[PDB]
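Have a look below at one chain only, the form deposited in one PDB entry, in structure tokens format.
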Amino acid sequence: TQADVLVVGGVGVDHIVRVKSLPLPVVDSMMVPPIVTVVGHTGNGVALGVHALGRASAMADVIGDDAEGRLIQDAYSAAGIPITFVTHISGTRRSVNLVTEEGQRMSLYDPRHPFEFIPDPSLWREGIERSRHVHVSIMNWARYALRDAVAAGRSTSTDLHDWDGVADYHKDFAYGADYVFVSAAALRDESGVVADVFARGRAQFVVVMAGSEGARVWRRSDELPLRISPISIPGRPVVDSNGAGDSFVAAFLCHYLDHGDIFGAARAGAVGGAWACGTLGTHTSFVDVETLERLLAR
């Protein structure tokens, strides 16, 4: 097999509960509509996003030998998407997501796996070799997969999410990947952290994702960021800003591996992000090629 983008880590299972309002009314118990179990989470989005754009994605991760684990397996099977895994006693990552009619989406994340577990590198090595780009989730063990992906001469990316710019946990990913993505939300002195990443890391550029006010792209030796205005899709207004980041990354990677322009890949990402934001956290939806091209041309 051969993949455009290998995703390492992050697959999990979401249990979605529709509630009247957030904050929750003050009661001992309340009846809710059917609670759906779906595949969701941070890494799963990039793989599905890549696949939706007609590129070949794949996944390497640690799941559980449990019902949710088999659920993930079968779900990946239904798509054209190869998945390589080992199982650990602690079981599959899972979440409960509280969503409302509004779109405000509370998420209770269960990381599940022991922090200090490190799998046999056989989990990622064949994938890395059969893959063109490797996107690496900040699962604690995946830091060694990142190591290998660089060593194998594949281009790498990673998504730091809410990182404050000081914490040591993220630094290996921040300093070890070619294309680094991070949320602006927890970023005290953006330009400082960015400079630090260039000082101490191998990053070719850094994409900051600020949601509402779009995204900023920092490159080496540019004192100023390319500013990317957020994108509005007629008929598909913002309803849920949860899950945008993975759709942004997926589209960025697909465009960039195709065309090679950082500026244009950033706008592709912005479209992808906007598309996810216009989707109801009840159904899974990723921009396809036809729509991306249409919107990008505008």
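Don't overthink the numbering: it's just position in the shown sequence, from 1. For clarity, a rigid core is taken as the largest C-alpha set superposing within 1.5 Å between two forms.
Although it is not shown, the form deposited in another entry is what the next lines describe.
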property: Position that moves between this form and the one not shown after core superposition, taken from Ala167, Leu108, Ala151, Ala199, with Cα shift of 2 Å or more; result: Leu108
property: Cα displacement of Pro33 between this form and the one not shown reaching 2 Å, rigid core superposed; result: yes
property: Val96 C-alpha moves between this form and the one not shown by 2 Å or more, core aligned; result: yes
property: Per-residue C-alpha change between this form and the one not shown, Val17, threshold 2 Å, rigid core fit; result: yes
